[PDB]
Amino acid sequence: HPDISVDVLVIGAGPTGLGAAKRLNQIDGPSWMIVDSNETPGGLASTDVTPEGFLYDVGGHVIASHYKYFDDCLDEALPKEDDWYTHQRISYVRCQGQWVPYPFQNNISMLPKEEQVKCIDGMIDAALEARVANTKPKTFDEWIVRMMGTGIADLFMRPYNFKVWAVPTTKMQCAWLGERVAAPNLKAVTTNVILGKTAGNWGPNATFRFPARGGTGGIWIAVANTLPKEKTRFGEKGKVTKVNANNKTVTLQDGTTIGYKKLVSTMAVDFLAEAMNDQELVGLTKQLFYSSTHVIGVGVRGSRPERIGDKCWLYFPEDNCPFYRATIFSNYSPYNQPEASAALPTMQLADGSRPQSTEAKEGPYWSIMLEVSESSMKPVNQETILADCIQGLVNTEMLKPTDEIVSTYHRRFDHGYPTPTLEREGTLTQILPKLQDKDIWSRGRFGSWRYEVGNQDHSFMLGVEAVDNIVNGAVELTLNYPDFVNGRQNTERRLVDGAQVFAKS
């Protein structure tokens, strides 16, 4: 007999596991337990802090919720109005010396006229082809070209997406982008060119809210804290090392065994196959593709430069920098970096030279957070990536050679993006149903490997819905129908449902 027995064991306390846990706690029916190898819940939605006091998320993390239930849990966890800051969704594409507002194609008037001609011509071709199309695109590349035409494709989405995914766009499927027909809005694009006009897709009603304190990680610490502590096991004492699917027994690193009736595994499915010592599943999961994510963080002295301004996140298609995305993380909260009166020595100048003095000087400070992808098709030199990022900051005019860097951060995350390759679905549909037959709900960004439902709210709800499937026979909508959940307001499920109301009576 196992050391512990529960009805539903949840492996992992990132967003997905915490989702499963929150729903179990609410339902308060079957017995349950959540574990994690980390003392701090949050997984890829965690936050680090440099010794100099600069916070960094695991790359740019911006919440766009598709679910009321998700909002309920964030509100419960961080209920105060000053637990959060609201910002407009401001983003730009760096192209040929210019900060081009997103979406890129509505703003090509910033480019030289010759290129505008090239762009419009390509989109005219794409429009005339769309008018007679009778097939769906089969690759990410085809989808891009049908949406944008060759000129606009070549300038942004093609080179940018290689830098993001670390695989060519021709090797990825496009179904994950949704059911929208791949066709250009030629009139919109041509109008802005003729008018010599720019327009970003943000404004007063296009916002996000970001945690006042502790970065994105502050959310999941708060959410996790609403759980009954005795049902949680976080840290080395909670690391799963073996999974016996036949006995429905899990073994922890310290030797503790847990019996379960249903298992919700939110660890990377390739690691689950290993933990299971399931040779067949190992072979299958190894056919999945992913990229690793390098997060580089740079702490800068001085008030926010005019050239940066209210920019939130930024895209880099060009090859004069290794990062695909930059975030002005200091714009997300005042508390993502030290206060102005905090004294810190200058480590280096942005051109790499030494400071004139090693004295600690006061702020104020601002902060840039960078992402660089890696795969077998796109290697990254760990010894030089920081320096190359900083040079990239100079090249893209985010920093001047004279800017004073006071803090640096670099961490590599092995499983960063699950890749929507052409082969993904053919693989997943062999893996996930075999786990299912063993009463294992493998769910999450790397639990079920689907990027289009791979954000915080999706992950959280994957865990919620998996529990709802286990207990109430609910349809796992987020898992099997990303277009469905992404295209509606999901308002039905709440942190307080009829079931808990009628019961209190």
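For every residue, the number given is its place in the sequence shown, counted from 1.
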query: Of 89-97 and 345-353, the stretch whose C-alpha atoms average the higher B-factor in the entry; finding: 345-353
query: Average Cα temperature factor in the PDB entry - higher stretch of 272-280, 407-415; finding: 272-280
query: Of the residues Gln173, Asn247, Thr207, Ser367, the one carrying the largest Cα B-factor as recorded; finding: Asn247
query: Of the residues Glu115, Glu374, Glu362, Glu318, the one carrying the largest Cα B-factor as recorded; finding: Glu362
query: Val243 - Cα temperature factor, lowest/middle/highest third of chain; finding: highest
query: Assigned third (lowest, middle, highest) for the C-alpha B factor of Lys438; finding: highest
query: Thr293 - Cα temperature factor, lowest/middle/highest third of chain; finding: lowest
query: For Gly454, the third of its chain into which the C-alpha B factor falls; finding: lowest
query: Chain-relative CA temperature factor third for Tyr260; finding: highest
